[PDB]
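*Asks:* After the structure tokens below, expect a handful of questions from me.
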Amino acid sequence: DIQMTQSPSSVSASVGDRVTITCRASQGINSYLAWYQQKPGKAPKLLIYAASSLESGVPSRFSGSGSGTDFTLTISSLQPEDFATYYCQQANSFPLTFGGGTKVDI
Amino acid sequence: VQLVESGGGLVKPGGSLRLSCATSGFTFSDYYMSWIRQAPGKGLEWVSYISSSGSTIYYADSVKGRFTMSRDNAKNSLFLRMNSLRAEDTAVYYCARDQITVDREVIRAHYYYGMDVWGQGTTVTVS
Amino acid sequence: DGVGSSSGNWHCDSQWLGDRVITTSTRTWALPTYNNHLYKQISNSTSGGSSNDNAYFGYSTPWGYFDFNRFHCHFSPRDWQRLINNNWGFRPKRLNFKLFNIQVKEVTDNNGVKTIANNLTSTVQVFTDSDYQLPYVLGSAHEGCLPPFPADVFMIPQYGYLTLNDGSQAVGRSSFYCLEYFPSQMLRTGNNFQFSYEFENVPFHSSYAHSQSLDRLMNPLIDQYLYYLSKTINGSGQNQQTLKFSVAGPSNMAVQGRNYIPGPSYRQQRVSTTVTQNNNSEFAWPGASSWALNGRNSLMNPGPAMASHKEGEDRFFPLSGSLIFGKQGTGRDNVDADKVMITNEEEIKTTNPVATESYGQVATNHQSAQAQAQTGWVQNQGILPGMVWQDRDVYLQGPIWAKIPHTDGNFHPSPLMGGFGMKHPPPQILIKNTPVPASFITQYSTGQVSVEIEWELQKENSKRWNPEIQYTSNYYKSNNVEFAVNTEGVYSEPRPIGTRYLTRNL
Amino acid sequence: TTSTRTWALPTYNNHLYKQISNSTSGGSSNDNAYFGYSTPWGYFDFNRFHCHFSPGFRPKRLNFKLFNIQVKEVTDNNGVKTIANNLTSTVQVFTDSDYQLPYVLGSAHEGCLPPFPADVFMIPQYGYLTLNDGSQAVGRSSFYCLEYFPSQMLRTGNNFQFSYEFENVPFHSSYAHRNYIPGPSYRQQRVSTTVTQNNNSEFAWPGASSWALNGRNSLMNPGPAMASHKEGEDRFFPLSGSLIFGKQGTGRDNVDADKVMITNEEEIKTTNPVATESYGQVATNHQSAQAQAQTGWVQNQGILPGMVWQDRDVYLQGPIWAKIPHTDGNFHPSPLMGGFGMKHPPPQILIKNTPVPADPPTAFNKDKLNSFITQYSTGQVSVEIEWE
Amino acid sequence: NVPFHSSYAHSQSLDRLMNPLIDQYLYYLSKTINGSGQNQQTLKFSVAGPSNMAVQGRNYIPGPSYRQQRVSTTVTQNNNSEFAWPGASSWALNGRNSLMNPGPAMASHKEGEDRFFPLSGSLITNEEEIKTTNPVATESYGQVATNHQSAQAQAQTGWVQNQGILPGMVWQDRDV
Amino acid sequence: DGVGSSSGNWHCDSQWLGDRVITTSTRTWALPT
Amino acid sequence: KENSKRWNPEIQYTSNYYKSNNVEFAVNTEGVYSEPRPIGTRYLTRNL
Amino acid sequence: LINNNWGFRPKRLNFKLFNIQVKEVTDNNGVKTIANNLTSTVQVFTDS
Amino acid sequence: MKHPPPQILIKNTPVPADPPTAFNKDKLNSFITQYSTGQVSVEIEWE
Ligand SMILES: [Ca+2]
């Protein structure tokens, strides 16, 4: 099945910094990629769906791009709320797979 | 929109456990549901996926043949029945729903945009 | 009448009166000069003609034409909802067309800037072919239709036709048509054009779904008086042959005698929405069902009216069986599955066979003590006496009418892409810019076009006790509302809307 | 023709409407799955030829009468049962002339008026089916309450009558007989009345011609109109090809071959293909110096321009009319079990006994009354039909 | 009262009735795999248009067919066997096999081959005029799917030798 | 009138005709003391 | 009568299509009739 | 009514009582019997 | 008022620029720059 890789595994940043998280698939998944942010003790939240589309309610700073094998998640002007683990999942074909995750570090 | 999982418990290996998801705030029949679990200290792992009708169900290779996913439309709830529970089945189990609502007029995959709404989840420990 | 006097108004509304509906649509159009006022021979050779199936020969004309043939041109999404929820049937009755407020323009270019000005003495040639002497291209489901949103200004499509070809070359029987050879009215900035058209009698399109299935029409409480063969053997062993006859009844409903059978089928290959269920090979063309004509293969599209899938299998669709529309802003070539809208034909499952299933089985031999009974699968079945079927549904984005090809014979002329088949459809309406010689002056025209259609309704008297299925907007928060413009002003139709919601008895 | 019979109408389902399905009957099979309702109403069925006839043509007019209403109450004390007249009770009757109810009169069911005028017949219970998914129902399923239709109520002195005019249909052909060719064929398996000629395996269902509709397999019965057998072979009959009638006293299930009457369609051989035989041959290739001309058999054939055919014959015991389903299109609507196809056939005639409750309690209770007086009605029914 | 006999030849063919200059608004399935190799599956869709005219949606289809064996006027092209009767299309009525003559009205031959003629479909008069709406008497009517494709099973088609009437068919009768 | 003649019929119907709807409901009742 | 000029479709009371043991607003196996939910009168829209 | 209308209100009422039946419940020992009483009446008035 | 003086809506009818000369599917986004001026008079009888 299709595997997902997120580099870097973890990242540390200051408020206001620009953070980029990148994950790529073993095989092309078209534009069907979703980004999830999870906070400890809470269920995951969907920030970006279908590679470049931003889920409602989600802040303008969050963004995403890429197609085929390579995808990227970008956070610009990072806030206090933004520190958590982030997962990218390919929604192209079953079984749905998730990336290892990136933990943004204060 | 709200998903509430219940029925999580501590059970010995080989035990049978049934999880439920009570849903409110959205039409239950318009969405495809999926169970997703997260082993402690590890990334989330997809488990099963069921059609709005409940006619079509998909499973992960690991859980195939022992887990049954069911759907009751009249009283909104989603059920996962777990038989032959083994050691690494211990996870926080999440009830989630597809972002794309089922539209009868068109034939399409509903999982393309991911899962917008997730339940709090129920812990399941096997020992 | 005058340069400073408007020759028409903007009439854009629908009136619901009793058993009929009157829709009126006005749009704004622009007419370029095509082919530099020339008739030009075209062929696959100009296109490159990689295959004989795509080989063609024809002519491109300087003329444009008006196409209102889509349902969205005359119906708003609300009006369409009003009609499909409340009515068992509808059909067109009268047609009133108007072309007015003509504004011809002359384009002059100096250096890098182009300056546009009025030309008050120029004319615009418009005529309709009401004897149907020209090739009829309006039943081919082309673009260039009046826009669904009334505030959109649209560009008139160029007229063109095809005649008999041999490869890229023509034959002695091929025809050439000069549209100048027709009488036509010439309009300046004060002239207007109008005509009325009477739809010929057609059956109401059936906007409903059967509440019964063709095979369940029986009384569940009562036995038949017919018998069927229950047992051909008494048990396991040699020489066990016997004849036993059970009566057909509620317990076994499959064996009962029936007066009517489902309609014809031409099997389509099924393709799953979830791709990993599909075969890892290219079967779009090689696995398709087609029909050959004079040595040229043509895909069978959409084909006979059949159910898109069996109950409980929503993911599958016929390879060329259903109508596939585009979403707003979708590319032309090799778009992803999310981009398109694949219509569902499930409402006709009660009386029509599934497009991806065999019609049934037939005996392929004579059984005997030597030979077992053998059955083959029916991949295609023609019309049989005692068949009943539903025509393909019409959609808000879909075509309305087609022209019945003029022939010695036809069967059930209702067009396969849906809508109303007609021997004399609404006539083509041709338009061009009358050339002004300078080599000519670069020129275009702008105008207002209004079309009004009277629709006849068929109400339901139904006695059903429980509530129906209705088309409804979902009530949930969303960034946009369905069937409305977005922040950038782009109107979009998020979904196809079928016509079948209400139910009838079979 | 004019017929008069005596009927008896009981109380079905104890004045209740009830959901039914193959889950209520325990049927596992998917082909036999169904969903529907049973109604307290009964109905009259004269759709068989024997009701109007004793031992070309086509119906014209219809006149129906219901009279001599006698409503009986039944009381049981200990072992004995006492029957008494109830003079104030009513019997409800109406016809569906808008064809708004599911039409069950074309399925060749039982409960028809007796062929012998001295027989007293029991009125059959009315029920219908709706769309089903397995045993469950879908949202498109419709429920009908017949109490929602206006109906005439009859005490013992009241009578009921109405008349119906058959719509134009072609004369039924009752005779026995290149620019033209024989009609279409859908092949049936050939079964022999001499058992030793038959294969020693069970092929009733496995070797039968069928048609699939929404994932369910329906037997092809009786099927398109085709000759039963070639000239000279009378020992063969199509497996699902011909109508089979039971003899008087024949059991319900698994009767021997001598208990049933198998009709033959030998008369239509002149214009129709044999049911158990292939339609013909077609070239399967392009011949050449290296390739021999090859042919293949036509097991099933549809309509072709230039075909002619005869319909299926009608019998004294067979059905008269059917209702053409309401559809966008049809071809040769004449029903396959025989008879006259009609879009507006003779309307269904529905009848039930009005419930008379027992003593209600002396303190108000909101629940519906489940206690009633055991009751039934009986009477005379007459139907008059003009034939051309 | 009879209908007028048609004494004209269509100047158009049933499949070319489209406007050659304009795309359809309908999509077809263009590509089922991304590239060569394992686990490549995808659904790509394209607009039907002038460049590819075979895949466009059409409202009407050619008439019914019952195939005739193809026989050449050049004796050396034909097979060296007696196939007059054995390879001839026929219909059976009450045990007696009747040759199909002339049969349903169909084009005698494809465009470019005038040496071939239907074995029993010809009155040798030529029926090439009706090809515009009618299938060739010696050709299959078309292909149909014979199976459900899957990850295990390739999509399989099969040839239609005879096709009865379908709704939406148009045809020409035989010429006088 | 009399014992053996019905004094009314069963009328359950709904009619839609323009701006008006006519509902009609017939039920069976039992009255104790 | 409703004479709205609203362009986009309304919200309408509808019966859901899904496989279920009973039909809403119908009798069950025992013949008991039941009304599954309370139905309001307010679906169509007006300007304020 | 709800799907296609902005408003409604009742106009005319029409009421009918018919096919009255009066039963008498004679009880002897432990057995209760029901029979028609043809001479009994039912009092019905409306308060207008 | 339940039926106040009605709204009076006005716009300039769009006049497009030169079309591309080869048929395009999209709506026309290029228009001629335009505006309009006029005299408006309203009369009301007061009691
Ligand atoms: Ca549909």
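By order of appearance in the structure tokens: chains A, B, ..., then residues from 1 within every chain, and ligands from 1 in the order shown.
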Specify as a list in words all residues of chain G found within 7 Å of chain H, counting only C-alpha atoms.

*Replies:* residues 1, 2, 12, 13, 41, 42, 43 and 44 of chain G

*Asks:* Go ahead and save the residues from that selection, with N, CA and C atoms, as a CSV table (one decimal), in the first residue's frame.

*Replies:*
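So out05.csv came out as:
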chain,number,residue,atom,x,y,z
G,1,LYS,N,-50.1,31.0,-1.6
G,1,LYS,CA,-49.1,30.6,-2.5
G,1,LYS,C,-47.8,31.3,-2.2
G,2,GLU,N,-46.7,30.6,-2.6
G,2,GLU,CA,-45.4,31.2,-2.5
G,2,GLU,C,-44.9,31.7,-3.8
G,12,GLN,N,-36.7,21.5,1.8
G,12,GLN,CA,-37.9,20.8,1.7
G,12,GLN,C,-38.0,19.6,2.7
G,13,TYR,N,-39.2,19.4,3.2
G,13,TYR,CA,-39.3,18.2,4.0
G,13,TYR,C,-39.3,16.9,3.1
G,41,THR,N,-44.0,23.1,10.3
G,41,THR,CA,-44.6,23.7,9.1
G,41,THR,C,-43.7,24.6,8.3
G,42,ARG,N,-42.5,24.9,8.8
G,42,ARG,CA,-41.6,26.0,8.2
G,42,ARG,C,-40.4,25.4,7.5
G,43,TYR,N,-40.5,25.5,6.2
G,43,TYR,CA,-39.4,25.0,5.2
G,43,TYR,C,-39.1,26.1,4.2
G,44,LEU,N,-40.1,26.6,3.5
G,44,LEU,CA,-39.9,27.6,2.5
G,44,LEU,C,-39.5,28.9,3.2

*Asks:* Could you give me the residues within 8 Å of ligand 1, counting only C-alpha atoms and all ligand atoms, as a list in words?

*Replies:*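 Answer in the requested format: residues 104, 105 and 106 of chain B; 343, 344, 345, 346, 347, 393, 497, 498, 499 and 500 of chain C.
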
*Asks:* Write out, as a PDB file, in the first residue's frame, the residues just selected, with N, CA and C atoms.

*Replies:*
ATOM      1  N   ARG B 104     -27.052  11.387  -3.915  1.00  0.00           N
ATOM      2  CA  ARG B 104     -27.604  10.297  -4.698  1.00  0.00           C
ATOM      3  C   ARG B 104     -27.442  10.472  -6.202  1.00  0.00           C
ATOM      4  N   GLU B 105     -27.586  11.695  -6.688  1.00  0.00           N
ATOM      5  CA  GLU B 105     -27.469  11.931  -8.116  1.00  0.00           C
ATOM      6  C   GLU B 105     -26.111  11.607  -8.740  1.00  0.00           C
ATOM      7  N   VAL B 106     -25.029  11.686  -7.974  1.00  0.00           N
ATOM      8  CA  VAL B 106     -23.726  11.379  -8.542  1.00  0.00           C
ATOM      9  C   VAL B 106     -23.019  10.166  -7.951  1.00  0.00           C
TER      10      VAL B 106
ATOM     11  N   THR C 343     -23.447  11.062 -13.449  1.00  0.00           N
ATOM     12  CA  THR C 343     -24.851  10.959 -13.082  1.00  0.00           C
ATOM     13  C   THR C 343     -25.210   9.527 -12.703  1.00  0.00           C
ATOM     14  N   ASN C 344     -26.227   9.389 -11.869  1.00  0.00           N
ATOM     15  CA  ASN C 344     -26.663   8.085 -11.404  1.00  0.00           C
ATOM     16  C   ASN C 344     -27.974   7.738 -12.075  1.00  0.00           C
ATOM     17  N   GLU C 345     -28.128   6.496 -12.504  1.00  0.00           N
ATOM     18  CA  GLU C 345     -29.347   6.071 -13.177  1.00  0.00           C
ATOM     19  C   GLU C 345     -30.134   5.060 -12.353  1.00  0.00           C
ATOM     20  N   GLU C 346     -29.935   5.085 -11.046  1.00  0.00           N
ATOM     21  CA  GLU C 346     -30.565   4.136 -10.135  1.00  0.00           C
ATOM     22  C   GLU C 346     -32.095   4.112 -10.076  1.00  0.00           C
ATOM     23  N   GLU C 347     -32.743   5.240 -10.330  1.00  0.00           N
ATOM     24  CA  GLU C 347     -34.198   5.308 -10.263  1.00  0.00           C
ATOM     25  C   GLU C 347     -34.909   4.369 -11.236  1.00  0.00           C
ATOM     26  N   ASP C 393     -33.294   9.687 -17.772  1.00  0.00           N
ATOM     27  CA  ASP C 393     -33.769  10.876 -17.088  1.00  0.00           C
ATOM     28  C   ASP C 393     -33.204  12.130 -17.742  1.00  0.00           C
ATOM     29  N   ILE C 497     -29.044  17.677 -11.058  1.00  0.00           N
ATOM     30  CA  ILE C 497     -30.323  17.439 -10.409  1.00  0.00           C
ATOM     31  C   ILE C 497     -31.178  16.614 -11.352  1.00  0.00           C
ATOM     32  N   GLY C 498     -31.455  15.381 -10.962  1.00  0.00           N
ATOM     33  CA  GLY C 498     -32.364  14.557 -11.719  1.00  0.00           C
ATOM     34  C   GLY C 498     -33.785  15.047 -11.603  1.00  0.00           C
ATOM     35  N   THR C 499     -34.647  14.464 -12.421  1.00  0.00           N
ATOM     36  CA  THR C 499     -36.047  14.837 -12.430  1.00  0.00           C
ATOM     37  C   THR C 499     -36.934  13.862 -11.654  1.00  0.00           C
ATOM     38  N   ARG C 500     -36.388  12.763 -11.137  1.00  0.00           N
ATOM     39  CA  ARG C 500     -37.218  11.697 -10.585  1.00  0.00           C
ATOM     40  C   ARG C 500     -37.104  11.676  -9.065  1.00  0.00           C
TER      41      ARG C 500
END

*Asks:* Quick one, how far is atom CA of residue 215 of chain C from atom CA of residue 115 of chain D?

*Replies:*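 Straight-line distance from atom CA of residue 215 of chain C to atom CA of residue 115 of chain D works out to 28.8 Å.
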
*Asks:* Just list as a count of residues only whatever in chain A DSSP marks as strand (DSSP E).

*Replies:* 50

*Asks:* Output the contact residues of chain G with respect to chain B at a cut-off of 8 Å, based on only C-alpha atoms, as number ranges by chain.

*Replies:* G: 16, 18-20

*Asks:* Could you please determine the separation between atom CA of residue 3 of chain B and atom CA of residue 98 of chain B in Å, to one decimal place?

*Replies:*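 Straight-line distance from atom CA of residue 3 of chain B to atom CA of residue 98 of chain B works out to 12.5 Å.
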
*Asks:* Could you list the residues in chain C lying within 12 Å of chain H, using only C-alpha atoms, and format the result as a list in words?

*Replies:*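 Interface list for chain C against chain H: residues 78, 79, 81, 82, 83, 85, 86, 467, 468, 469, 470, 471 and 472 of chain C.
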
*Asks:* May I have the residues from that selection written out with N, CA, C and O atoms, as a compact mmCIF listing (two decimals), in the first residue's frame?

*Replies:*
# COMPACT_ATOMS: atom_id res chain seq x y z
N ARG C 78 -34.31 26.97 -8.46
CA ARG C 78 -35.53 26.95 -7.67
C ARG C 78 -36.73 26.51 -8.51
O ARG C 78 -37.55 25.71 -8.06
N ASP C 79 -36.85 27.05 -9.73
CA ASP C 79 -37.94 26.63 -10.61
C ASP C 79 -37.84 25.15 -10.93
O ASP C 79 -38.86 24.46 -11.02
N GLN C 81 -36.59 22.84 -9.03
CA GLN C 81 -36.97 22.13 -7.82
C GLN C 81 -38.48 22.13 -7.67
O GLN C 81 -39.07 21.15 -7.26
N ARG C 82 -39.11 23.25 -8.03
CA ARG C 82 -40.56 23.38 -7.95
C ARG C 82 -41.23 22.38 -8.86
O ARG C 82 -42.22 21.77 -8.51
N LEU C 83 -40.67 22.23 -10.06
CA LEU C 83 -41.20 21.32 -11.04
C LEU C 83 -40.97 19.85 -10.72
O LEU C 83 -41.90 19.06 -10.79
N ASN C 85 -40.39 18.34 -7.88
CA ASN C 85 -41.01 17.85 -6.66
C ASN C 85 -42.52 17.70 -6.78
O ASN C 85 -43.09 16.85 -6.10
N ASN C 86 -43.17 18.54 -7.57
CA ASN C 86 -44.62 18.61 -7.59
C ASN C 86 -45.30 17.93 -8.77
O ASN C 86 -46.52 17.98 -8.86
N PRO C 467 -44.75 10.28 3.55
CA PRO C 467 -44.17 11.37 2.75
C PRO C 467 -43.19 10.89 1.69
O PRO C 467 -42.58 9.82 1.82
N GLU C 468 -43.02 11.71 0.65
CA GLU C 468 -42.19 11.40 -0.50
C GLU C 468 -40.72 11.69 -0.23
O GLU C 468 -40.33 12.18 0.83
N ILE C 469 -39.91 11.40 -1.24
CA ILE C 469 -38.54 11.89 -1.32
C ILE C 469 -38.56 13.17 -2.15
O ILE C 469 -39.14 13.20 -3.24
N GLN C 470 -37.93 14.23 -1.66
CA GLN C 470 -37.95 15.49 -2.38
C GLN C 470 -36.56 16.05 -2.56
O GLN C 470 -35.66 15.71 -1.82
N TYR C 471 -36.38 16.90 -3.56
CA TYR C 471 -35.08 17.51 -3.72
C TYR C 471 -35.02 18.66 -2.75
O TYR C 471 -35.90 19.51 -2.74
N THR C 472 -33.99 18.70 -1.92
CA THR C 472 -33.88 19.76 -0.94
C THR C 472 -32.46 20.25 -0.76
O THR C 472 -31.51 19.47 -0.88

*Asks:* Tell me which protein, DNA and RNA residues are within 6 Å of segment 6-20 of chain F, counting only C-alpha atoms, leaving out same-chain ones fewer than 3 positions away, and put them as a short mmCIF file (atom, residue, chain, number, x, y, z; two decimals) with C-alpha atoms, in the first residue's frame.

*Replies:*
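See result_27.cif below for the written result:
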data_model
loop_
_atom_site.label_atom_id
_atom_site.label_comp_id
_atom_site.auth_asym_id
_atom_site.auth_seq_id
_atom_site.Cartn_x
_atom_site.Cartn_y
_atom_site.Cartn_z
CA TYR D 148 -58.14 6.67 2.88
CA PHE D 149 -60.34 6.13 -0.16
CA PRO D 150 -64.01 7.03 -0.08
CA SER D 151 -66.17 3.91 -0.05
CA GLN D 152 -69.87 3.07 -0.03
CA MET D 153 -71.12 1.47 3.18
CA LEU D 154 -73.86 -1.15 2.94
CA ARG D 155 -76.26 -2.49 5.53
CA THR F 23 -59.69 17.36 3.88
CA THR F 24 -62.20 14.68 4.84
CA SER F 25 -61.73 12.17 7.66
CA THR F 26 -64.01 9.33 8.70
CA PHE H 18 -73.92 8.18 11.08
CA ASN H 19 -74.48 4.41 11.29
#

*Asks:* Got a sec: who's within 6 Å of segment 75-84 of chain B, counting only C-alpha atoms, leaving out chain neighbours fewer than 4 positions off, as a VMD selection string?

*Replies:* chain B and resid 14 to 23 66 to 71

*Asks:* Residues of chain F that have any atom at most 12 Å from an atom of segment 24-44 of chain H: could you tabulate them with the shortest-distance atom pair and the distance in Å to one decimal, using only C-alpha atoms, ordered by chain and increasing number, as a tab-separated table?

*Replies:*
residue	atom	partner	partner_atom	distance
F:2	CA	H:38	CA	10.1
F:3	CA	H:38	CA	7.7
F:4	CA	H:38	CA	11.0
F:30	CA	H:42	CA	12.0
F:31	CA	H:42	CA	9.7
F:32	CA	H:24	CA	10.6
F:33	CA	H:24	CA	11.2

*Asks:* According to DSSP computed on the backbone, where in segment 34-75 of chain D is there alpha helix (DSSP H)? Give the residues as number ranges by chain.

*Replies:* D: 49-52

*Asks:* List the spatial neighbours of segment 59-68 of chain E as a PyMOL selection string - criterion: any atom at most 6 Å away, only C-alpha atoms, same-chain residues fewer than 3 positions off excluded.

*Replies:* (chain C and resi 415-417) or (chain D and resi 282-283) or (chain E and resi 118-119+133-134+137-138+161-165+168-171)

*Asks:* Keeping N, CA and C atoms for every residue in the selection just given, could you write it to a file as a PDB file, in the first residue's frame?

*Replies:*
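The result, stored in out_29.pdb:
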ATOM      1  N   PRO C 415     -34.602  10.298 -27.631  1.00  0.00           N
ATOM      2  CA  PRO C 415     -33.144  10.321 -27.788  1.00  0.00           C
ATOM      3  C   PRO C 415     -32.429   9.679 -26.612  1.00  0.00           C
ATOM      4  N   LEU C 416     -31.280   9.073 -26.914  1.00  0.00           N
ATOM      5  CA  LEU C 416     -30.586   8.258 -25.928  1.00  0.00           C
ATOM      6  C   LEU C 416     -29.884   9.087 -24.863  1.00  0.00           C
ATOM      7  N   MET C 417     -29.551  10.344 -25.150  1.00  0.00           N
ATOM      8  CA  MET C 417     -28.995  11.209 -24.119  1.00  0.00           C
ATOM      9  C   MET C 417     -30.071  11.841 -23.251  1.00  0.00           C
TER      10      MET C 417
ATOM     11  N   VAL D 282     -25.756 -17.502 -37.869  1.00  0.00           N
ATOM     12  CA  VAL D 282     -25.143 -16.295 -38.407  1.00  0.00           C
ATOM     13  C   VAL D 282     -23.664 -16.560 -38.639  1.00  0.00           C
ATOM     14  N   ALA D 283     -23.116 -15.881 -39.644  1.00  0.00           N
ATOM     15  CA  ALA D 283     -21.693 -15.965 -39.935  1.00  0.00           C
ATOM     16  C   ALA D 283     -20.894 -15.340 -38.801  1.00  0.00           C
TER      17      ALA D 283
ATOM     18  N   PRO E 118     -22.688  -9.778 -49.595  1.00  0.00           N
ATOM     19  CA  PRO E 118     -23.263 -10.683 -48.597  1.00  0.00           C
ATOM     20  C   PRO E 118     -23.646 -11.980 -49.276  1.00  0.00           C
ATOM     21  N   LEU E 119     -23.448 -13.107 -48.607  1.00  0.00           N
ATOM     22  CA  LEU E 119     -23.733 -14.380 -49.238  1.00  0.00           C
ATOM     23  C   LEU E 119     -25.192 -14.537 -49.655  1.00  0.00           C
ATOM     24  N   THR E 133     -26.913   4.984 -42.306  1.00  0.00           N
ATOM     25  CA  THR E 133     -27.664   4.600 -41.120  1.00  0.00           C
ATOM     26  C   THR E 133     -27.651   3.107 -40.831  1.00  0.00           C
ATOM     27  N   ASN E 134     -27.054   2.288 -41.692  1.00  0.00           N
ATOM     28  CA  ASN E 134     -27.223   0.857 -41.521  1.00  0.00           C
ATOM     29  C   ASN E 134     -25.878   0.156 -41.397  1.00  0.00           C
ATOM     30  N   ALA E 137     -23.521  -5.613 -43.763  1.00  0.00           N
ATOM     31  CA  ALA E 137     -24.102  -6.943 -43.622  1.00  0.00           C
ATOM     32  C   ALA E 137     -23.062  -7.991 -43.249  1.00  0.00           C
ATOM     33  N   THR E 138     -21.800  -7.773 -43.605  1.00  0.00           N
ATOM     34  CA  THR E 138     -20.742  -8.731 -43.324  1.00  0.00           C
ATOM     35  C   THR E 138     -19.947  -8.392 -42.069  1.00  0.00           C
ATOM     36  N   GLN E 161     -22.889 -10.533 -33.227  1.00  0.00           N
ATOM     37  CA  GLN E 161     -23.159 -11.018 -34.574  1.00  0.00           C
ATOM     38  C   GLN E 161     -24.536 -10.593 -35.059  1.00  0.00           C
ATOM     39  N   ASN E 162     -25.528 -10.619 -34.177  1.00  0.00           N
ATOM     40  CA  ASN E 162     -26.883 -10.208 -34.504  1.00  0.00           C
ATOM     41  C   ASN E 162     -27.416  -9.325 -33.390  1.00  0.00           C
ATOM     42  N   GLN E 163     -28.119  -8.264 -33.769  1.00  0.00           N
ATOM     43  CA  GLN E 163     -28.674  -7.331 -32.800  1.00  0.00           C
ATOM     44  C   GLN E 163     -30.109  -7.024 -33.180  1.00  0.00           C
ATOM     45  N   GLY E 164     -31.036  -7.306 -32.272  1.00  0.00           N
ATOM     46  CA  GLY E 164     -32.416  -6.929 -32.461  1.00  0.00           C
ATOM     47  C   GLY E 164     -32.624  -5.442 -32.268  1.00  0.00           C
ATOM     48  N   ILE E 165     -33.876  -5.026 -32.448  1.00  0.00           N
ATOM     49  CA  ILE E 165     -34.234  -3.623 -32.291  1.00  0.00           C
ATOM     50  C   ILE E 165     -33.901  -3.139 -30.887  1.00  0.00           C
ATOM     51  N   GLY E 168     -34.050   3.932 -30.004  1.00  0.00           N
ATOM     52  CA  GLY E 168     -33.067   4.857 -30.522  1.00  0.00           C
ATOM     53  C   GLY E 168     -32.413   4.430 -31.813  1.00  0.00           C
ATOM     54  N   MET E 169     -32.799   3.285 -32.371  1.00  0.00           N
ATOM     55  CA  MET E 169     -32.288   2.858 -33.664  1.00  0.00           C
ATOM     56  C   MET E 169     -33.032   3.535 -34.803  1.00  0.00           C
ATOM     57  N   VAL E 170     -32.298   3.846 -35.866  1.00  0.00           N
ATOM     58  CA  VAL E 170     -32.871   4.296 -37.125  1.00  0.00           C
ATOM     59  C   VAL E 170     -32.250   3.465 -38.236  1.00  0.00           C
ATOM     60  N   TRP E 171     -33.005   3.272 -39.311  1.00  0.00           N
ATOM     61  CA  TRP E 171     -32.522   2.446 -40.406  1.00  0.00           C
ATOM     62  C   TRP E 171     -33.233   2.847 -41.687  1.00  0.00           C
TER      63      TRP E 171
END

*Asks:* What are the closest atom pairs, with distances in Å to one decimal, for each residue of chain A lying within 6 Å of chain B, using only C-alpha atoms, rows by chain and rising residue number, as a Markdown table?

*Replies:*
| residue | atom | partner | partner_atom | distance |
| --- | --- | --- | --- | --- |
| A:32 | CA | B:112 | CA | 5.8 |
| A:43 | CA | B:120 | CA | 5.6 |
| A:46 | CA | B:116 | CA | 5.5 |
| A:49 | CA | B:113 | CA | 5.0 |
| A:50 | CA | B:113 | CA | 5.3 |
| A:91 | CA | B:112 | CA | 5.0 |
| A:100 | CA | B:43 | CA | 5.7 |
